[PDB]
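I have placed the structure first, in the form of structure tokens, so that the comments after it can refer back to it.
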Amino acid sequence: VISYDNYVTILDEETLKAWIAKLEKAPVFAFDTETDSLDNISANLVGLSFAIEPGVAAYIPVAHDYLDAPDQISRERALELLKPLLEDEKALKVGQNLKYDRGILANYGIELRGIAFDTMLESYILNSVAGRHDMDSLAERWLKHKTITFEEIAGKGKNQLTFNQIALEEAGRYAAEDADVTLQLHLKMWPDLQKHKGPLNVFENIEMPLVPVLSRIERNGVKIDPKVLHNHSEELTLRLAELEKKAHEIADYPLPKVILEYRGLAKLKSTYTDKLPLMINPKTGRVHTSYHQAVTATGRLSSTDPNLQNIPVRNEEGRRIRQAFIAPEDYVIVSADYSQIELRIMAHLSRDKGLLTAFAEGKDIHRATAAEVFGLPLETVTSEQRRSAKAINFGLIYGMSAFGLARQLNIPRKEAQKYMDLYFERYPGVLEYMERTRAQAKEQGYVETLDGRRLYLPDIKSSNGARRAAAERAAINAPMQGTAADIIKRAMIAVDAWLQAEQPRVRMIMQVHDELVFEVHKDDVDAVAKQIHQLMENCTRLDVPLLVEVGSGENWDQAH
């Protein structure tokens, strides 16, 4: 198994200072913190752990307060002895989800600085679809080691203990093991990551620098007006009653209108209006959402608990929800959005002068696409044509299988195929891309984004598992969706740097789809929007035609 003889529990300063001296001379060391809560901003540091070499790790208990708990170094003294080491940028650390730990230390005024390696992101950048990227999974995969699970020392259910209640030595085995395993995994994954400058550029210059900015995004939280949300819940209660009554009176077709409307509001009320006001943190009075950094196959950040991505972008009731995200007094919400980013990326990936020109001369791409495909002057393109072209363009982004146009644009048959081929006859660059990408997906087994991030398609060569074609679709969509992700991430890191260095009255409060949202002082908006705009357009990829439309207002809906 593993127990009390492997790792040392440090209960005295002299031993702690000895360990700090060896940490000071270690090239990299593993670091971990243990707390009494998963809520980063209300969690309390219960103990910390380090590892300097495979198998040599210690646990420093600073706040186990169970009955007759053995005396331990006080939290304040342990932190002042450890503070200069922790805050030293040249002292490199390895950790598993260093986003959590950086936050825990920020609760005590400490800025973690050697955030050099996170084993969750090492794993993720190696092959995002390999499996779960959590420590216990990795230990089995890369080290064939079965780790002590948290519920093995704490329990399960309502009567699960909190870390400070666990005995010192049981706590120590778990925490020192965490430190140790993280270091071992680092040693087995880092030389592999070095093998390919693609994945190494993305881990080093995109994944890793973002760990402290996601921590800053999450701890800032978003300010929400729950009154608004309560009124909205009351109204939806009444509207669902009325809509039910409308369909009962009824027993281009009225009944298959009110039912749909019912379903839509019904869901929205529960998924947002009833839950969002119950997600306010009592210490900050804000809602702090969880950005998951190593979950999507494409490298896009996904958020949960307030999954901001699922609130209805174009819906009147969706707008209503976006009005509850409020800017504090004398500040305004600013929204910096990247315009049709995957369609601009596809313009460069397809290397097509037609698409590249539309964007270059400021044209609405859907009208230009419709003008060129249908062969009509740009000023007389009707809304039905703009809409048909839009259906081709967003289909291309999702690699959507030709009849897909006939289901989105739920009306033609091979007339849609006529549209598809006509498009390629005017925009040939789009199929040279699709042929090329499918090809390397089958040749290499993976596709790449512009910065080197890779998506492994292990079914591109599936012996005709029919929907094996989904990997070909994924083959053409991943380069576009992943380059969008990388660009957003480079923008986040570039903007956070400026905010950290110049310290203006602004804070980055959320990231959703291709948008970065901020709170900024009403008197500072004009310059802050100018710099946000310039940083997002010029400090990312300069080969893709980028456009950031910036907005501001007293709530998110006005900003958007």
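Those letters in the sequence shown? Residues 324 to 574, 620 to 928, per the deposited numbering, in order. The beta-carbon is built from N, C-alpha and C at its ideal position, and this holds for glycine as well.
**Request:** Note down the Cα distance separating residue 806 from residue 536, rounded to an integer number of angstroms.
**Result:** 35 Å
**Asked** Do the stretch 497–514 and the stretch 406–418 make contact, defined as three or more Cβ pairs closer than 8 Å?
**Response** yes
**Item:** Identified DSSP bridge partners for residue 889
**Value:** 699
**Asked** Assuming residue 369 contacts residue 486 under a Cβ cut-off of 8 Å, what Cβ separation, rounded to an integer in Å, is found between them?
**Response** 4 Å
**Asked** Secondary structure at residue 828, three-state DSSP: helix, strand or coil?
**Response** coil
**Request:** Kindly indicate which residue of 446, 573 and 833 has the alpha-carbon position closest to the one of residue 523.
**Result:** 446
**Request:** Have a look at residue 526 and residue 856 and give me their C-alpha separation to the nearest angstrom.
**Result:** 15 Å
**Message:** Below 8 Å, how does it come out for the stretch 333–346 and the stretch 376–383: are there three or more Cβ pairs, yes or no?
**Reply:** yes
**Prompt:** Taking the Cβ atom as the reference point for each residue, do residue 918 and residue 704 lie within a distance shorter than 8 Å?
**Reply:** yes
**Request:** Examine the Cβ distances between the stretch 803–823 and the stretch 842–857 and report whether three or more of them are shorter than 8 Å.
**Result:** yes
**Request:** For the stretch 714–721 and the stretch 735–753, state whether three or more C-beta atom pairs, one from each stretch, are separated by less than 8 Å.
**Result:** With the cut-off at 8 Å, the stretch 714–721 and the stretch 735–753 do not touch.
**Message:** Quick check: the Cα distance between residue 879 and residue 767, rounded to an integer number of angstroms?
**Reply:** Residue 879 and residue 767 have their alpha carbons spaced roughly 25 Å apart.
**Prompt:** Shortest alpha-carbon distance to residue 531 belongs to which of 924, 425 and 365?
**Reply:** Among 924, 425 and 365, the Cα nearest to that of residue 531 is on 425.
**Asked** Measuring CA to CA, which of 437, 470 and 516 is closest to residue 444?
**Response** For the residues 437, 470 and 516, the minimum Cα distance to residue 444 belongs to 516.
**Request:** Grab me the residues of residue 563's own chain with a C-beta within less than 8 Å of its C-beta, minus the 5 sequence neighbours each way, in chain order.
**Result:** 630, 633, 634 and 637
**Message:** Here's a check: name, in chain order, each residue in its chain whose Cβ is nearer than 6 Å to the Cβ of residue 688, leaving out the five neighbours to either side.
**Reply:** 555
**Request:** Evaluate the contact criterion for the stretch 693–704 versus the stretch 824–832: three or more CB pairs, one atom per stretch, below 8 Å.
**Result:** Counting Cβ pairs under 8 Å, fewer than three are found: no touch.
**Prompt:** Contact between the stretch 867–878 and the stretch 891–901: three or more CB pairs below 8 Å?
**Reply:** yes
**Message:** For residue 538, which residues in the same chain have their Cβ closer than 6 Å to its Cβ, ignoring the five residues on either side in sequence?
**Reply:** Short of 6 Å from the beta carbon of residue 538, and not among the five residues preceding or following it, lie these beta carbons of its own chain, in chain order: 422, 425 and 426.
**Item:** Distance CB(residue 408)-CB(residue 466) smaller than 8 Å
**Value:** No.
**Item:** residue 763 (DSSP reduced to helix, strand or coil)
**Value:** helix
**Message:** Under 8 Å, Cβ to Cβ, is there at least one residue of chain D near residue 680?
**Reply:** The structure shown contains no chain D, having only a single protein chain.
**Prompt:** Taking the runs of the beta strand (DSSP E) that are 3 residues or longer, which of them lie wholly in the stretch 678–749?
**Reply:** 699–706
**Item:** Three-state secondary structure (DSSP) of residue 481
**Value:** coil
**Request:** Throw me the rounded Cβ distance for the residue 927 and residue 701 pair, which I believe falls under 8 Å.
**Result:** About 4 Å separates the Cβ atoms of residue 927 and residue 701, confirming a contact at the 8 Å cut-off.
**Neighbour-count burial assignment, residue 868, 16 or more Cβ in a 10 Å radius** = exposed
**Message:** Taking a contact to mean a Cβ-Cβ separation below 8 Å, would you say residue 597 touches residue 774 in this structure?
**Reply:** A break in the chain separates 574 from 620, and the residue in question, residue 597, sits inside that break with no coordinates.
**Request:** Report back the beta-carbon spacing between residue 514 and residue 648 to the nearest angstrom; my notes put them in contact at under 8 Å.
**Result:** The Cβ separation is near 46 Å, so there is no contact.
**Request:** Taking only the alpha-carbon atoms, compute the straight-line gap between residue 450 and residue 354 and give it to the nearest angstrom.
**Result:** 24 Å
**Backbone secondary structure at residue 917 - three-state DSSP** = Note: residue 917 maps to strand in three-state DSSP.
**Request:** Could you check how far apart the C-beta atoms of residue 470 and residue 477 are, in whole angstroms? I think they sit under 8 Å.
**Result:** Actually they are not in contact, since the Cβ atoms of residue 470 and residue 477 sit about 14 Å apart, beyond 8 Å.
**Request:** Alpha carbon to alpha carbon, how far is residue 331 from residue 325? Give it in angstroms, no decimals.
**Result:** Each residue's Cα considered, the two are about 12 Å apart.
**Prompt:** So, helix, strand or coil for residue 797, using DSSP?
**Reply:** DSSP places residue 797 in helix when its eight states are reduced to three.
**Item:** Contiguous beta strand (DSSP E) assignments of at least 3 residues, all confined to the stretch 829–908
**Value:** 874–880 and 883–889
**Asked** For the stretch 859–868 against the stretch 902–915, are there 3 or more C-beta pairs whose distance is under 8 Å?
**Response** yes
**Message:** Tell me the residue span of the beta strand (DSSP E) that contains residue 814.
**Reply:** Per DSSP, the continuous beta strand (DSSP E) segment holding residue 814 begins and ends at 814–816.
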